[PDB]
């Protein structure tokens, strides 16, 4: 029963209890400011709730001291038990876990990597001396794959569960099960914008600890009129702050990497025309996105420029960022936050099995977390570029969970690697529908990624290593047996992105003209492969590919993404010892090999023509009646086709269609097309005739 005042006396000591060295003067200056935080008045109320409850819910305002102080409150309590375990705190972003770990190491007067450290995907800045670890939720989930009981941690702190990521929602379900299995494990879930009663009721009616109060206020300013060009409204507001507001840096939130790098250039050019004319101060402009290098990512903590003259307008720092800085980070010197209200949120197309990023409105919880990046070290204000009534009535309260916006079949294979056995009764906080979960289990069993008992096959474990929809990964893994593994490697990448065709309403004719350069009459998949080959062909000549894709009416963003995916997918097969073969182009079976190899992943998406009079096709799965989509490069479709996408519109269509032979269905997928147990119907009768026709064909040639 170690009290808070007992621990404060150790914090006030000259000697570091963790290292045995003398405390620095910087440590005491930080500790004096740490105790003015709103969580410090309730340190004993926290310890009373922590000793008596296994799972704890913590809420407090942005900047209260949740991330920085509570693991140190736990660390002072947990060391006398001599467990040899560690304290784990999860942040959803890599830069947030790195920056906080350097802060808490400074707060504890230790060197980063020793008693306090971080662990991310490709860096583990820990050691034997490490006691507190600030990791990501994905990195803790990767350790849960090899250690399902998490035997290395005595306390798990799930910081910022409000973002509801894929790793966080899974970790909440895993730790809730582990709470019944392990009673020597403590679980803390904390956030500032949280459905606390929902998180309470999920964790076996756990207690709640509410901390009121802010360190510094944040004034919320709204625009009276809606402005559509949010980039123009953002750049206008940043220049207005540098002109007419006192000293203090700006944090700008925009959606994508290309959006801010244009905006970082447009701001710096309009700043330089404010310097020469309006006699304002200098402005440093810094970008921040996820694909940016870390040594340039750490430049956002770089000091504001000084003014040109003593007594002049203040020099300023503008950080234009994505929502990578929405949570967790405390950037010193930020006074102003501009909120356009948009972010790139992951969506899932169920017909094409593609996870893509869409610019969408942020939630109410994201706006408060964005405004909470100020008001931490000094008072601040947030400029929301939207109506107050748009905040109250148009914005949703909580961000939609990532597990409902992701590929469920990819999620299921990761959960089997985590040790989950009952998937339909897995207690997620917001689970998918049981029709949706069983459909993922139905497809993954037919793809041989799961057996009939439901356990993970070695095909499913290997398909989980690829960042693809699992039907595309089975197609890539089976590709060397069809002698077209270099070609399927490109086709899976183009099928993992949205459609590359650009058909504007003002230029339909010129769009179809450039598309017909790549058109293959046997399949749309070969038309995709031809267009990617033309992209990589003009790239080797030295042409401007943005100019090339615009003139050839192709999406540059989707084609360049598939080229980066194909480089990723090519490396995964090389490290796993998979052959990478291709047939020469003038082989008689070059194109038939590629059309055969599509059925290794897409045997379930097959249509059969009903009658010779009709253009209506009937699908194998669920007997749907479809037409061929008019975007097809197939001039005359066969009686049997494979398709990538079911299209529901005023008429039911199938898109990305390739002609196949029905005898390939029995060869490639015999378990699904087992005619012993197949469903009665016209497709079965047509398939048994195909098996009989090749039977009388081969037997008479044996005669």
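Numbering follows the first chain given and starts at 1.
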**Study point:** 603 to 611 versus 270 to 278 - greater average Cα B-factor per the deposited record
**Key:** 270 to 278
Review point. Of the two stretches 422 to 430 and 572 to 580, which shows the higher Cα B-factor on average in the entry?
Key: 572 to 580
Practice item. Kindly indicate the residue among 650, 656, 64, 659 with the greatest C-alpha B-factor in the PDB record. Key: 650
**Study point:** Most elevated Cα B-factor in the entry, residues 99, 555, 410, 237
**Key:** 237
Check your understanding: According to the PDB entry, is the CA B factor of residue 530 in the bottom, middle or top third of its chain, that is, lowest, middle or highest?
Key -> lowest
Exercise for review: Place residue 24 in the lowest, middle or highest third of its chain's C-alpha B-factors, as listed in the PDB entry.
Suggested key: lowest
Exercise for review: Just say lowest, middle or highest third for the CA B-factor of residue 135 relative to the other modelled residues in its chain.
Suggested key: lowest
Practice item. Would you mind checking where the Cα B-factor of residue 125 ranks among the modelled residues of its chain, as the lowest, middle or highest third? Key: highest
Revision key, fill the gap. Tertile call for residue 587 (CA temperature factor, within chain, third-based) is the highest
